[PDB]
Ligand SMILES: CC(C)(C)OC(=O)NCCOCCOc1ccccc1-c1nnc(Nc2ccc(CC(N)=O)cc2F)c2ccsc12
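As a starting point, one isolated chain is supplied in structure tokens, in the form solved without the ligand.
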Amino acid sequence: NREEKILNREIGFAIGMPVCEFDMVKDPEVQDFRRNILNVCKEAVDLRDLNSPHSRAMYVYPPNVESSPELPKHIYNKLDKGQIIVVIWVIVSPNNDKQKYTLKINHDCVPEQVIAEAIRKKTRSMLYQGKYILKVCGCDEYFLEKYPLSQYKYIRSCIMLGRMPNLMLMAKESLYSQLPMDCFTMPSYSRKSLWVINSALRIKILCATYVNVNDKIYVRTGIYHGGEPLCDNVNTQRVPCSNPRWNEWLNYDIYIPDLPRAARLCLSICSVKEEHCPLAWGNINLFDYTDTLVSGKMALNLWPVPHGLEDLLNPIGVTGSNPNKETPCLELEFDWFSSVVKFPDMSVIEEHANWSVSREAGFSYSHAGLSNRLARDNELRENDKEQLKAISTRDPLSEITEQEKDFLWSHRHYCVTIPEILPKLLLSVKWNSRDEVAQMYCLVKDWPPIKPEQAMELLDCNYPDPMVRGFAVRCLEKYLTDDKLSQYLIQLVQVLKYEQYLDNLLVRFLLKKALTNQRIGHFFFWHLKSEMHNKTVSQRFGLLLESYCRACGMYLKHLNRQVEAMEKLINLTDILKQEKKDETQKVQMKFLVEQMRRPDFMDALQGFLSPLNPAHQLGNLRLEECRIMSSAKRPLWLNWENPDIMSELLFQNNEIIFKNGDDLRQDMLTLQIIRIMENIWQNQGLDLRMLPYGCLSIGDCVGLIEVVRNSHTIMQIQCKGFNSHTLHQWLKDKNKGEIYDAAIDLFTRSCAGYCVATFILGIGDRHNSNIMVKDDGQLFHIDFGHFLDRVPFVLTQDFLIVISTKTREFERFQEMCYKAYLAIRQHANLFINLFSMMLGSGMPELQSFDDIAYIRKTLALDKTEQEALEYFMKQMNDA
């Protein structure tokens, strides 16, 4: 139609490839995902059309609230008798006069209540009903829901900062006048035997093509469930280099009905010299998306080995053929049985599980042989019930012995009483034994829900089973707040890579939330779009992006304006670091200024939302405040006017650093971990102010960085002014009076926060230029080069003098680092889980579980609470 043709050009621009291309794809799964996902779209749109227009407003401007309405002790204490002084603004008459009405009201007042007092003060300022809404002055953040005022992140941040909230009052009708009439349309594309196989698995390696020049070669194979072999790996015969025809059947120690649902064939072409090397790799799901077992002739196009691969295989790697067909192509053959073999229905598995529990009970009783895996009733002693608990308290990095596994499995029915043990019991299963797997399925089917922070662990590369991942999704669906879903969004987008198929419970969950919360949808779009360059995820992420863009609504027009901006800056910074690299900042700036005269450039680089915070409107480009930086990759310091009616009450200008050349993924993760550490310390009552500024990767070593206003590096404070006493005097000068005592306190609390953080994460070398200080004393670190692969933030005499060595303030400071280290140690399981989910991300500083182990060392998990306290105590004295 007319609208369908306009939509597809808009979707195409957003993804970076035309939609017609997805149709010219003959994979039934691709076309099934495309059609079968459409109900997740339908449900999301329906929820937005439910309480229209209010429900459409909640979509476009979701309330930005904290997870709990409860405030910590140190936060509540800042309120003058549990009450907050709030400032409500009104835009009066035709001359748009800003008029403030100050209040002092209960921090837990709902926005409809706050409005009432503001109308009461307006009616009294001389001596209406609820057709109004509250907005943050200077940004598009609204207060459309009945939450305690202190629950909104702006209000809580204000309390924390000792800043007075500035909110603007406006008509509900004036906001709804900005929400357009969106319509969802149905696209043009929308309109056996089971365990009866009494046989062992064999796979024929026929031949290899596109394998030529540059001693011998072979095909290394293995059958895997996650990253664990379901039997021993089987190699083909060694063969001369250019001639690769094996025509060999490989015979595996697995009986076909014993194959788990998420069983994979993991293969690689290896070179020999004593020194075996993988040339290419590829993995195949033994069952297709429809539960059908792979049969017959097949050809798999192979992938290049990832930089820094362990063994000769890549089990954690992507499944399916490499799209580039000019690559090593391996031709295989699978046994064809009586008909089309299909994995049994849940009911057949349910009956076999009941049969297995029965045969298990009458097995021994009447066996004669010994079994450490048979379940025994009444034989569970209180000293071993307390030993089972000690297992559940173990970190995800800790090794679980074969004895502990047999122990855990014989107690599989008790385990249901310690629900947080499940990841360990799931590892304890003999995943190559249909008998135990059918039984495990029924346990999960009725397993007590676990916390989302625990659920997430069952979504890394170790838990491939659809039932295990389905239960994890179910725990998130019911217990994960939007605040928290937003906080862990980069790991949830990352673990999508561990999914066997396009259509799954996780993608369905993530997409429903994306299409019912625009703040989630923004970052869901950007985290997906930023990996379109990566061919390993291009199709899955592209299809996910198509389904998103097809139902997001008018936000696509906003996303496309953002895409056009980043594309211009990439083009711009390409020319500077290529051609005009050694040219002066005046000539380089003359080129930018000449390019800004161009219409396509002055439309693109102005009047669009900030990808770091879509609540921020980037108006006119103030070139006069922009500069090409001195850094090697020629990054841009960019300055935009804040076109908000009340910009002045937040920030009149918005500064973003656009960088093209370096990987921002490692900074993205370090800044996320900081936000988390900060939120852990804050929840535990100890106020250690951190600054996880915005950093977003938009592609292949391209991204944006939030500039922190009123900040200078440690070097800049030393330089303009060898010198070791300048910092304190500068902070005394920038905070003279009673204002000084607050600044010294904000420097120590922030200085303590970064001391712990950097130590734990093993962050890159911290110097005078890698550290920064705000006008109020707030200390923060920047450019986190590389983590894990020592105390990097060495407290020099410079920082020590600002603290007040044998002082009362330094005795308070040490007590700040100590509680903080204990606070992170009590949460090490979460941090371990966040890094594990990122293994799939191609990050060099995080390629194996060995890398994550660094935080088991620095957080002394194998030691005790007092022992680890002694570890941090000892490591902090060595400077």
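Start at 1 and count along the sequence shown; that's the residue number. We call the rigid core the largest set of C-alpha positions that still match within 1.5 Å between the two forms.
One more form of this protein should be noted, the form deposited with the ligand bound, which is absent from this view; the next part is about it.
Partner contact region in the bound PDB entry: 113-121, out of 477-485, 202-210, 500-508, 113-121, criterion any non-hydrogen atom within 4.5 Å of the ligand.
In the bound PDB entry, at least one heavy atom of residue 100 sits within 4.5 Å of the ligand. Taking the partner from elsewhere, residue 90 is found to have a heavy atom lying within 4.5 Å of the ligand in the bound PDB entry. Mapping the unseen interface onto this chain, residue 132 counts among the residues with a heavy atom inside 4.5 Å of the ligand in the bound PDB entry. Under a 4.5 angstroms non-hydrogen atom cutoff, the ligand in the bound PDB entry has residue 169 among its neighbouring residues.
With the partner omitted from this view, the residue of 128, 184, 740, 249 that lies near the ligand in the bound PDB entry is 128 [heavy atom within 4.5 Å]. When the two forms are superposed on their rigid core between the shown form and the other one, the C-alpha shift of 2 Å or more among 301, 642, 285, 588 belongs solely to 588.
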